């Protein structure tokens, strides 16, 4: 171990995927030990165990803006909770090749997804978002920790990010480049959402209509619809072209059959800043 290559967080030991610039001294130990509630990183099992008996945090800081049953989202502003956000960024960089910002967190707001039991709210993943995005990015980085990947939580967070964009009356797209798992996940999310809308209306949904209803950009609707072969091109304009039956054929594919953890807008508490 000369870079950090293994973390212990909660009950999980996880191998790193990429370099993250924890301080040199921390990379020297066999494992880096993180408090799963405050995200403090520690060099020894003994300092970790002492910290677990002392730390009073049982959930992320900031404001719980979503709660439904034992699923919750906390909104944490990088200026109000700098240390927690820097800790989160160095933890994320272990799984993200392309994240480059770890310390200058004050331009960002972080949305932390947790799953709650009688012990406290256990981190699953997060996304960051620029407070002011000139490019209309509604996610900067998005990361689900390995033991929760491919289990519905990424789909919930991507949906969540578009729920905020809807409340802001704006469209938005993730910042590129996307990670490999992020690309597959966005493509599957957009397809599901657009197909479900195409099934529910009939029904002069234009591409514009779909962008207003979903907060998905026109370009990302178009590239999705191209991949489904649901668009024709006429004198310089992409136009929707699909039958009710074709929409149902798509939606009967294994990929759309897992039951989603849904985002209930009744349980989201948030207004634009």
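Residue numbers count along the first chain shown, from 1.
J.: Which has higher Cα B-factors on average according to the PDB entry: 16-24 or 251-259?
T.: It is 251-259 that shows the higher mean C-alpha B-factor.
J.: Quick check on the record: does 155-163 or 100-108 carry the larger mean Cα temperature factor?
T.: Averaging CA B-factors over each stretch, the winner is 100-108.
J.: Which of these, 69, 59, 218, 237, has its C-alpha atom at the highest B-factor, as the entry lists it?
T.: Comparing C-alpha B-factors across 69, 59, 218, 237, the maximum falls on 237.
J.: Looking at 197, 140, 114, 149, which has the highest Cα B-factor in the entry?
T.: Checking the PDB record, the top C-alpha B-factor among 197, 140, 114, 149 is at 197.
J.: What third of the chain does residue 226 rank in for C-alpha temperature factor, lowest, middle or highest?
T.: Within its chain, residue 226 is a middle-third residue by C-alpha B-factor, going by the deposited values.
J.: Sorting by Cα B-factor within the chain, modelled residues only, which third would residue 189 end up in: lowest, middle or highest?
T.: For residue 189, whose C-alpha B-factor we compare with every modelled residue in the chain, the answer is the middle third.
J.: By the record's CA B-factor, is residue 93 among the lowest, middle or highest third of residues in the chain?
T.: Residue 93: CA B-factor falls in the lowest third of its chain.
J.: Tell me, lowest, middle or highest third: where does the Cα B factor of residue 232 rank within its chain?
T.: According to the entry, residue 232 has a C-alpha B-factor in the chain's middle third.
J.: If you rank every modelled residue in this chain by C-alpha B factor, which third holds residue 208: lowest, middle or highest?
T.: It belongs to the highest third of the chain when residues are ordered by C-alpha B-factor.
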